[PDB]
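Below: one structure, written as structure tokens.
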Amino acid sequence: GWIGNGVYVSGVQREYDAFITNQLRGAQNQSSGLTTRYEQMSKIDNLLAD
Amino acid sequence: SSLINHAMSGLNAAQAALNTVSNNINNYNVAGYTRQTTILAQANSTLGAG
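One line per chain: the protein sequences are F and G, in this order.
Residue 77 in the deposited numbering sits at position 26 of the first sequence; the count goes up by one each step and never skips.
Residue 39 in the deposited numbering sits at position 38 of the second sequence; the count goes up by one each step and never skips.
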């Protein structure tokens, strides 16, 4: 009557989302730019340190 | 001489039942899988003798 032939593997899945990734990309780029600015600007101020 | 059919019917049903069991062992954690199962029944009764 009704029967089955057991189990088989069908696919491999990735825990990925593009949208969150790309928002994080924009944020990371802008933040990196701001911190890069901060690094150098400090060096100028330290030249005024004393 | 019906006993040949009796024994061989039992053997066939046993093979079927174990196939169902093996199907379950295969599926034991497949998503959504449902417990699969087999069923039995006495053969039809002739009034062939006493």
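Here a beta-carbon is modelled for each residue, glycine too, at the ideal position from N, C-alpha and C.
- For F:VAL58, the chain G residues whose C-beta falls within less than 7 Å of its own C-beta are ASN27, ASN28, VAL31, listed in chain order.
- Shown here, G:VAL22 sits in a helix according to DSSP, grouped into three states.
- In chain order, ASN24, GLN37 make up the part of chain G whose C-beta sits under 7 Å from the C-beta of F:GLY55.
- Going by C-alpha positions, F:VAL58 is about 8 Å away from G:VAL31.
- Inter-segment contact for the region 66 to 75 of chain F and the region 23 to 41 of chain G is absent: fewer than three beta-carbon pairs are separated by less than 8 Å.
- When the Cα atoms are used, G:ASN24 and G:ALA15 turn out to be separated by approximately 14 Å.
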